[PDB]
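Novice: In our numbering, the protein residues as written are 9 to 212. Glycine included, each C-beta is placed from N, C-alpha and C at the ideal position.
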RNA sequence: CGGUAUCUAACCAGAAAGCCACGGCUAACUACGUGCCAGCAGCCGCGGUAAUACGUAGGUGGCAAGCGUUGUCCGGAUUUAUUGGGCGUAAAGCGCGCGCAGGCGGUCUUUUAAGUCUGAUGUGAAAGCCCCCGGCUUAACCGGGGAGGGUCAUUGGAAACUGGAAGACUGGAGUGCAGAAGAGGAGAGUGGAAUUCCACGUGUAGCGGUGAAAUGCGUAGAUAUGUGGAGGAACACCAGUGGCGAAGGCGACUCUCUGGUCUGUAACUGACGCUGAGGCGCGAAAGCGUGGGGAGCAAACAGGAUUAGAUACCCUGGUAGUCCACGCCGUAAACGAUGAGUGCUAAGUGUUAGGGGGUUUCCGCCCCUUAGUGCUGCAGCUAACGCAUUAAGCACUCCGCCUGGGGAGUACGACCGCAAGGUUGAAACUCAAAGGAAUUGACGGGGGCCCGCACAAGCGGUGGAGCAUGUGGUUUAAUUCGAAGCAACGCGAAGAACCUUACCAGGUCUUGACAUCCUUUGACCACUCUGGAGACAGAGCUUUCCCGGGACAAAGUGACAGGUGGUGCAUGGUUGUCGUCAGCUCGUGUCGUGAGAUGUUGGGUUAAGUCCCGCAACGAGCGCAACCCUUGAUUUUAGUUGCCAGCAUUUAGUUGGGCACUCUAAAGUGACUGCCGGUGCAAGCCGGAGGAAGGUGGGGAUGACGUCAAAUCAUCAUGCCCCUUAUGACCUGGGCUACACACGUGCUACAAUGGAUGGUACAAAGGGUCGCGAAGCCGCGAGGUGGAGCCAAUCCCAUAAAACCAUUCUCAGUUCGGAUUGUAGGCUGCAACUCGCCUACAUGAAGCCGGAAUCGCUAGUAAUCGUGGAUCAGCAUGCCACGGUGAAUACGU
RNA sequence: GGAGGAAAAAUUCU
Ligand SMILES: [Mg+2]
Ligand SMILES: [Mg+2]
Ligand SMILES: [Mg+2]
Ligand SMILES: [Mg+2]
Ligand SMILES: [Mg+2]
Ligand SMILES: [Mg+2]
Ligand SMILES: [Mg+2]
Ligand SMILES: [Mg+2]
Ligand SMILES: [Mg+2]
Ligand SMILES: [Mg+2]
Ligand SMILES: [Mg+2]
Ligand SMILES: [Mg+2]
Ligand SMILES: [Mg+2]
Ligand SMILES: [Mg+2]
Ligand SMILES: [Mg+2]
Ligand SMILES: [Mg+2]
Ligand SMILES: [Mg+2]
Ligand SMILES: [Mg+2]
Ligand SMILES: [Mg+2]
Ligand SMILES: [Mg+2]
Ligand SMILES: [Mg+2]
Ligand SMILES: [Mg+2]
Ligand SMILES: [Mg+2]
Ligand SMILES: [Mg+2]
Ligand SMILES: [Mg+2]
Ligand SMILES: [Mg+2]
Ligand SMILES: [Mg+2]
Ligand SMILES: [Mg+2]
Ligand SMILES: [Mg+2]
Ligand SMILES: [Mg+2]
Ligand SMILES: [Mg+2]
Ligand SMILES: [Mg+2]
Ligand SMILES: [Mg+2]
Ligand SMILES: [Mg+2]
Ligand SMILES: [Mg+2]
Ligand SMILES: [Mg+2]
Ligand SMILES: [Mg+2]
Ligand SMILES: [Mg+2]
Ligand SMILES: [Mg+2]
Ligand SMILES: [Mg+2]
Ligand SMILES: [Mg+2]
Ligand SMILES: [Mg+2]
Ligand SMILES: [Mg+2]
Ligand SMILES: [Mg+2]
Ligand SMILES: [Mg+2]
Ligand SMILES: [Mg+2]
Ligand SMILES: [Mg+2]
Ligand SMILES: [Mg+2]
Ligand SMILES: [Mg+2]
Ligand SMILES: [Mg+2]
Ligand SMILES: [Mg+2]
Ligand SMILES: [Mg+2]
Ligand SMILES: [Mg+2]
Ligand SMILES: [Mg+2]
Ligand SMILES: [Mg+2]
Ligand SMILES: [Mg+2]
Ligand SMILES: [Mg+2]
Ligand SMILES: [Mg+2]
Ligand SMILES: [Mg+2]
Ligand SMILES: [Mg+2]
Ligand SMILES: [Mg+2]
Ligand SMILES: [Mg+2]
Ligand SMILES: [Mg+2]
Ligand SMILES: [Mg+2]
Ligand SMILES: [Mg+2]
Ligand SMILES: [Mg+2]
Ligand SMILES: [Mg+2]
Ligand SMILES: [Mg+2]
Ligand SMILES: [Mg+2]
Ligand SMILES: [Mg+2]
Ligand SMILES: [Mg+2]
Ligand SMILES: [Mg+2]
Ligand SMILES: [Mg+2]
Ligand SMILES: [Mg+2]
Ligand SMILES: [Mg+2]
Ligand SMILES: [Mg+2]
Ligand SMILES: [Mg+2]
Ligand SMILES: [Mg+2]
Ligand SMILES: [Mg+2]
Ligand SMILES: [Mg+2]
Ligand SMILES: [Mg+2]
Ligand SMILES: [Mg+2]
Ligand SMILES: [Mg+2]
Ligand SMILES: [Mg+2]
Ligand SMILES: [Mg+2]
Ligand SMILES: [Mg+2]
Ligand SMILES: [Mg+2]
Ligand SMILES: [Mg+2]
Ligand SMILES: [Mg+2]
Ligand SMILES: [Mg+2]
Ligand SMILES: [Mg+2]
Ligand SMILES: [Mg+2]
Ligand SMILES: [Mg+2]
Ligand SMILES: [Mg+2]
Ligand SMILES: [Mg+2]
Ligand SMILES: [Mg+2]
Ligand SMILES: [Mg+2]
Ligand SMILES: [Mg+2]
Ligand SMILES: [Mg+2]
Ligand SMILES: [Mg+2]
Ligand SMILES: [Mg+2]
Ligand SMILES: [Mg+2]
Ligand SMILES: [Mg+2]
Ligand SMILES: [Mg+2]
Ligand SMILES: [Mg+2]
Ligand SMILES: [Mg+2]
Ligand SMILES: [Mg+2]
Ligand SMILES: [Mg+2]
Ligand SMILES: [Mg+2]
Ligand SMILES: [Mg+2]
Ligand SMILES: [Mg+2]
Ligand SMILES: [Mg+2]
Ligand SMILES: [Mg+2]
Ligand SMILES: [Mg+2]
Ligand SMILES: [Mg+2]
Ligand SMILES: [Mg+2]
Ligand SMILES: [Mg+2]
Ligand SMILES: [Mg+2]
Ligand SMILES: [Mg+2]
Ligand SMILES: [Mg+2]
Ligand SMILES: [Mg+2]
Ligand SMILES: [Mg+2]
Ligand SMILES: [Mg+2]
Ligand SMILES: [Mg+2]
Ligand SMILES: [Mg+2]
Ligand SMILES: [Mg+2]
Ligand SMILES: [Mg+2]
Ligand SMILES: [Mg+2]
Ligand SMILES: [Mg+2]
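1) State the CB to CB distance for the pair residue 53 and residue 90, rounded to an integer number of angstroms; the pair is presumed to be in contact (CB under 8 Å).
2) If you count every other CB in all the chains shown that lies within 10 Å of the CB of residue 178, and 16 or more means buried, which is it?
3) Just reading off the alpha helix (DSSP H) that residue 130 is part of, what are its end residues?
4) Can we say the stretch 182-191 touches the stretch 145-152, given the rule of at least three CB pairs closer than 8 Å?
5) Would you list, in sequence order, the uninterrupted beta strand (DSSP E) runs of no fewer than 3 residues that lie entirely inside the stretch 20-108?
6) Report the option in 118, 79, 128 and 73 whose CA atom is closest to the CA atom of residue 105.
7) Let me know the secondary structure DSSP gives residue 203 once reduced to three states.
8) For residue 194, which residues in the same chain have their Cβ closer than 8 Å to its Cβ, ignoring the five residues on either side in sequence?
9) Can the beta-carbon of residue 122 be found less than 8 Å from the beta-carbon of residue 116?
10) Quick one: what's got a C-beta closer than 6 Å to residue 29's C-beta in the same chain, skipping five residues either side?
11) Going by CA-CA distance only, name the one from 75, 167, 134 and 45 that's closest to residue 280.
12) To the nearest angstrom, how far is the alpha carbon of residue 11 from that of residue 61?
13) From residue 77 to residue 118, what distance separates their C-alpha atoms?
14) Quickly, what does DSSP pair residue 177 with across the bridge? List them, please.
15) Got a sec? Which residues, its chain only, sit under 7 Å from residue 131 by beta carbon, not counting five neighbours each side?
16) Quick one: measure Cβ to Cβ for residue 208 and residue 176, integer angstroms, because I've assumed they're closer than 8 Å.
17) Using a threshold of 8 Å, state whether the C-beta atoms of residue 59 and residue 112 are closer than that.
18) Short of 8 Å in beta carbon distance, which residues of its chain neighbour residue 98, apart from the five on each side in sequence? Order them along the chain.
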């Protein structure tokens with residue numbers, strides 16, 4: 009049986025959209041400009057541990073917020089990387105772009121970051137069990153109420169693919185006021201392609 | 001021996017270290033090379049791209065002038081068990097009995113010293129092991145003394161025990177006396193029920209058989225029924241984990257001849273007993289020889305069926321045999337898978353054959369005891385299942401047997417048999433397992449309970465006809481690819497004339513239609529005309545980067561690009577299905593040698609692992625339920641584009657005016673078996689009140705652990721494998737729409753609850769700026785023209801249709817039905833032939849309610865009538881939503 | 001729960 013995307017089940021219920029702008033007659037072009045912005049930002053700040061990007065619009069003016077774990081790489085020594093990004097985004101959109109940076113405290117409590125971590129260990133040939141268990145350990149000692157991870161694919165370069173999952177605490181997926189974060193990332197292996205799924209049930 | 005041992009002086013760190021191993025057993029790891037190859041190996045086994053096991057290098061461990069390998073012996077091995085094992089199910093109790101030799105043997109007394117125990121004498125050479133002393137500079141080595149070692153000969157002692165002799169006694173054993181029961185065995189005779197065959201009356205067309213049939217018997221007269229006769233085998237009810245026997249085994253009745261057992265007495269003898277190799281005898285069934293008998297059944301055999309085949313199971317027949325007498329054979333899951341004898345060790349409860357006592361007039365009931373036969377259970381034993389006074393417990397005597405699986409109960413030899421074969425019984429070789437009990441799952445062509453529009457009760461359909469659409473098949477240059485029981489088939493496709501397009505024909509291109517960098521130029525593109533089906537070529541006007549940067553831009557060249565090419569069985573991601581089915585586990589305790597178990601089993605109740613009551617468990621978590629959306633009632637806040645009541649106005653809720661009422665949308669309230677009666681220990685169940693609403697009120701979203709190598713390399717991404725002047729790229733035309741046929745899903749009808757004509761009411765939810773498109777005018781109509789109001793609670797789409805009211809038709813293949821075809825037109829589009837949709841006039845096919853069969857649905861549901869939307873220039877009977885009218889039935893598993 | 005007797009149904013394959 010299939011499950012519904014836990015984030016999709018909570019958009020508008022207890023969660024919020026990542027694109028907080030309203031438009032009519034200029035909706036498709038705004039949407040695809042936002043998609044291009046997101047892709048270009050994701051391809052530039054790859055190794056900066058970026059957790060979330062949100063975009064807003066108001067009268068020929070694009071505001072971008074980048075929730076990231078370590079702002080020192082994003083916000084440079086005095087504004088080198090930020091201004092390079094802003095100029096490139098200006099040339100990409102032909103608008104006026106203002107870039108705002110915030111820092112994620114307790115970065116082990118965010119699902120995308122831990123999924124990136126597990127994918128990075130798996131790409132570096134670290135046993136899947138070790139990576140999953142250690143990520144669970146750190147996430148739980150960071151103050152979570154529940155963690156669940158699974159890794160699926162040609163595990164260890166075998167001929168037949170399978171999936172293995174581990175958990176600690178509780179993750180109630182059917183409760184609507186439960187605030188589960190969720191992330192899926194791919195690891196690029198010489199044997200194929202591996203998938204890492206992470207559910208984090210926080211206090212809310 | 002011999003200038004030998006030994007000793008004295010000078011020089012010298014200089015002339016002197018190797019082997020095996022490093023994953024576990026077992027002490028000691030890193031890198032490189034290789035890639036199921038090279039190879040290692042005592043075993044577990046390592047080698048397929050990250051090798052502490054292969055080779056090497058570094059390091060480490062053990063030993064040392066030695067270190068490894070092989071061969072033989074002992075240990076570990078309790079794996080021949082005297083010390084020191086066993087035989088219910090793992091290998092291991094002869095099928096049973098009678099018994100020679102042998103082994104063992106109740107109690108007491110006297111006597112003997114054969115066994116037993118002990119003292120003395122002689123001897124058990126030297127060397128060797130051992131103890132104490134010594135000698136070589138130590139040690140090895142050597143010497144001295146001592147000790148050890150015998151079922152040893154002579155001889156002296158003791159007499160508890162085993163043995164011998166002489167006596168004595170009954171508990172063992174047997175006889176006597178009195179009763180009891182029994183399918184114990186052999187011989188002869190007899191009885192009834194039933195089957196088969198034969199003869200004769202009545203009677204006519206089938207009988208028999210199977211999952212279905214057929215072979216077969218029958219009109220030459222069956223099957224059926226009544227009467228009589230012949231012959232053979234087996235003994236219904238009684239009948240019972242009842243009885244007898246050593247075992248095999250023994251069921252009708254009567255008689256004759258015979259074996260064994262139990263209880264009662266204490267009369268009699270006085271250990272006369274147990275076991276028992278070799279011998280002798282009995283021994284289910286099948287089989288053999290001779291002679292009878294032969295009704296049923298039935299190996300072999302034949303025919304009919306089933307099956308792909310059917311040397312079988314099933315059906316119709318049928319010979320040996322089953323029966324009797326005599327003689328062989330000597331086997332079995334011959335089993336309680338448990339050898340015989342003796343004694344000891346909690347209880348409860350049936351039954352068979354006896355004995356004693358108490359109650360009681362008898363009957364009967366109660367207690368005690370002997371010998372059998374069942375069940376439940378304590379200690380104890382067992383790996384566990386389990387056994388447990390009928391031991392698999394505790395002990396002793398005697399016999400038989402076992403030592404990893406296969407080869408094999410086989411070969412050679414021997415004995416027995418008429419034969420079939422029986423008894424005794426190996427080895428080479430090969431494997432590292434074979435096996436017993438129990439546990440958690442997964443299956444079964446095993447079972448029980450419970451639920452679901454699964455069946456039942458109903459309503460409407462499908463299968464019949466015409467058309468629309470998908471699939472198979474066939475055809476074709478191509479008819480592009482994918483989906484294949486349920487879970488493929490109005491499916492991907494929420495729009496195939498061109499494009500989409502991946503397919504085919506013909507015409508063209510090669511760093512390229514699409515990306516980064518390179519080298520020169522920097523704005524190239526757009527436009528006109530000529531040729532061409534078009535892609536493309538040929539001339540002119542031509543290209544205006546900005547501030548060396550950058551993205552664009554033309555030329556030439558690579559590095560490269562480009563694949564809807566294959567593998568969904570190498571994958572990520574997404575989905576179907578069981579199924580919104582009710583499950584999946586954990587913590588702490590207890591029970592088990594252990595893996596494990598309990599909670600989670602049992603009885604009720606629920607939609608539900610929902611809850612209650614029990615119970616060695618007490619709780620919790622993910623799944624159920626709740627939180628989210630919508631609908632039904634209502635309060636406050638807010639009145640425009642919504643509403644109009646009381647007021648003036650108008651073709652008009654129009655204009656003025658007002659939020660009263662509907663309405664709109666934010667926040668609350670409200671339903672919880674909350675209260676009442678009954679029932680129940682409780683959960684719960686049946687009714688009642690109030691309330692808009694009553695039993696999770698109606699409906700959504702929500703899909704746990706797992707199943708199907710399920711679907712998708714063609715949405716995307718991706719390992720590996722393929723093409724690269726082509727499997728890439730551009731164009732015009734065609735095809736995906738073919739048509740003897742079969743299937744799936746739908747639409748329209750077969751008419752009077754109806755057709756035609758006229759009149760006339762009542763919705764909801766949605767869409768609209770390169771868009772919706774009003775009024776008016778023109779047209780028979782599809783439509784044209786016109787341009788108002790709208791970025792919308794305002795304007796437009798927008799006529800709702802069934803329903804209702806009048807007139808007509810009057811049961812007719814028709815004034816039903818609309819396919820099919822002829823002509824003339826309308827729109828969109830460059831273009832409507834293949835191949836769009838719509839209109840007018842003409843034409844007027846099948847079709848009379850649909851066979852075997854099959855589908856949906858439990859209430860605002862089914863049935864029926866319209867409306868809107870996505871895709872979309874145009875195109876839906878499909879899909880997704882909206883309202884109008886609005887049922888029947890559910891006894892039950 | 002244990003022991004004894006005992007009916008009726010029955011196609012082939014995966
Ligand atoms: Mg599902
Ligand atoms: Mg999802
Ligand atoms: Mg998910
Ligand atoms: Mg997967
Ligand atoms: Mg000399
Ligand atoms: Mg000398
Ligand atoms: Mg000198
Ligand atoms: Mg010198
Ligand atoms: Mg020297
Ligand atoms: Mg020196
Ligand atoms: Mg030296
Ligand atoms: Mg040396
Ligand atoms: Mg090595
Ligand atoms: Mg070395
Ligand atoms: Mg060394
Ligand atoms: Mg030994
Ligand atoms: Mg043994
Ligand atoms: Mg024994
Ligand atoms: Mg055995
Ligand atoms: Mg026996
Ligand atoms: Mg035997
Ligand atoms: Mg015997
Ligand atoms: Mg004897
Ligand atoms: Mg004696
Ligand atoms: Mg000596
Ligand atoms: Mg000597
Ligand atoms: Mg000395
Ligand atoms: Mg010596
Ligand atoms: Mg000596
Ligand atoms: Mg001596
Ligand atoms: Mg000694
Ligand atoms: Mg004496
Ligand atoms: Mg006696
Ligand atoms: Mg007759
Ligand atoms: Mg006497
Ligand atoms: Mg014998
Ligand atoms: Mg016989
Ligand atoms: Mg005979
Ligand atoms: Mg037969
Ligand atoms: Mg035998
Ligand atoms: Mg036996
Ligand atoms: Mg015994
Ligand atoms: Mg008894
Ligand atoms: Mg018992
Ligand atoms: Mg035993
Ligand atoms: Mg086994
Ligand atoms: Mg089992
Ligand atoms: Mg189960
Ligand atoms: Mg079953
Ligand atoms: Mg069902
Ligand atoms: Mg039903
Ligand atoms: Mg149904
Ligand atoms: Mg029915
Ligand atoms: Mg019907
Ligand atoms: Mg129907
Ligand atoms: Mg219908
Ligand atoms: Mg049909
Ligand atoms: Mg048909
Ligand atoms: Mg038809
Ligand atoms: Mg039809
Ligand atoms: Mg039609
Ligand atoms: Mg159609
Ligand atoms: Mg076809
Ligand atoms: Mg052809
Ligand atoms: Mg072809
Ligand atoms: Mg096809
Ligand atoms: Mg495919
Ligand atoms: Mg379904
Ligand atoms: Mg289907
Ligand atoms: Mg359908
Ligand atoms: Mg089609
Ligand atoms: Mg074309
Ligand atoms: Mg490629
Ligand atoms: Mg492959
Ligand atoms: Mg495939
Ligand atoms: Mg896959
Ligand atoms: Mg699959
Ligand atoms: Mg496949
Ligand atoms: Mg898959
Ligand atoms: Mg396959
Ligand atoms: Mg299931
Ligand atoms: Mg299950
Ligand atoms: Mg369970
Ligand atoms: Mg149980
Ligand atoms: Mg629960
Ligand atoms: Mg729920
Ligand atoms: Mg309302
Ligand atoms: Mg009520
Ligand atoms: Mg609800
Ligand atoms: Mg497959
Ligand atoms: Mg399937
Ligand atoms: Mg399939
Ligand atoms: Mg396939
Ligand atoms: Mg590919
Ligand atoms: Mg792809
Ligand atoms: Mg596909
Ligand atoms: Mg494909
Ligand atoms: Mg596609
Ligand atoms: Mg339909
Ligand atoms: Mg219809
Ligand atoms: Mg008509
Ligand atoms: Mg009318
Ligand atoms: Mg109306
Ligand atoms: Mg409306
Ligand atoms: Mg529209
Ligand atoms: Mg309309
Ligand atoms: Mg309308
Ligand atoms: Mg007609
Ligand atoms: Mg026509
Ligand atoms: Mg046409
Ligand atoms: Mg056309
Ligand atoms: Mg006409
Ligand atoms: Mg005609
Ligand atoms: Mg006709
Ligand atoms: Mg008629
Ligand atoms: Mg049905
Ligand atoms: Mg229902
Ligand atoms: Mg309808
Ligand atoms: Mg109609
Ligand atoms: Mg309609
Ligand atoms: Mg309709
Ligand atoms: Mg409509
Ligand atoms: Mg429509
Ligand atoms: Mg349209
Ligand atoms: Mg339709
Ligand atoms: Mg149409
Ligand atoms: Mg319809
Ligand atoms: Mg029902
Ligand atoms: Mg029974």
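Specialist: Result, derived from the coordinates:
1) As a position in the first chain, residue 53 is number 45, starting the count at 1. As a position in the first chain, residue 90 is number 82, starting the count at 1. Actually they do not touch by this definition, with Cβ atoms about 10 Å apart.
2) Residue mapping note: residue 178 aligns to position 170 of the first chain, counting from 1. Classification for residue 178: exposed.
3) Here the question's residue 130 lines up with position 122 in the first chain. Here the alpha helix (DSSP H) through residue 130 covers 119-131.
4) Look at the beta carbons and you see the stretch 182-191 not touching the stretch 145-152: under three pairs across the two are nearer than 8 Å.
5) Complete beta strand (DSSP E) runs here, min 3: 58-65 and 70-76.
6) By 1-based counting over the first chain, the position of residue 105 is 97. It is 73.
7) In the first chain, the residue the question calls residue 203 occupies position 195. Shown here, residue 203 sits in a strand according to DSSP, grouped into three states.
8) In the first chain, the residue the question calls residue 194 occupies position 186. Excluding positions up to five away in sequence, the list reads 127, 201, 202, 203 and 204.
9) Taking the first residue of the first chain as position 1, residue 122 is located at position 114. Taking the first residue of the first chain as position 1, residue 116 is located at position 108. Using a Cβ distance threshold of 8 Å, residue 122 and residue 116 count as a contacting pair.
10) Taking the first chain and counting its residues from 1, the one referred to as residue 29 is at position 21. Closer than 6 Å at the Cβ level, and outside the excluded window around residue 29, lie 64 and 65.
11) This structure does not reach residue 280, given that the chain is present from 9 up to 212, and the question cannot be answered.
12) The residue labelled residue 11 in the question sits at position 3 within the first chain. The residue labelled residue 61 in the question sits at position 53 within the first chain. Straight-line Cα distance between these residues: approximately 25 Å.
13) Here residue 77 is taken as the residue at index 69 of the first chain, counted from 1. Here residue 118 is taken as the residue at index 110 of the first chain, counted from 1. The alpha-carbon atoms of residue 77 and residue 118 are separated by roughly 10 Å.
14) Reading the first chain from its first residue, position 169 is the one you call residue 177. Answer is 154, bridged to residue 177.
15) As a working note, residue 131 is residue 123 in the first chain. Only 195, 196 and 197 meet the Cβ criterion.
16) Locating residue 208 in the first chain gives position 200, where the first residue counts as 1. Locating residue 176 in the first chain gives position 168, where the first residue counts as 1. At roughly 11 Å, the Cβ-Cβ gap does not stay under 8 Å, so residue 208 and residue 176 are not in contact.
17) On the first chain, residue 59 is found 51 positions in, with the first residue counted as 1. On the first chain, residue 112 is found 104 positions in, with the first residue counted as 1. A contact, by the Cβ cut-off of 8 Å.
18) Translated into the one-based positions of the first chain, residue 98 becomes position 90. Taking residue 98 as the centre and dropping the five residues before and after it, the same chain places the C-beta of 104 and 105 closer than 8 Å to its C-beta, in chain order.
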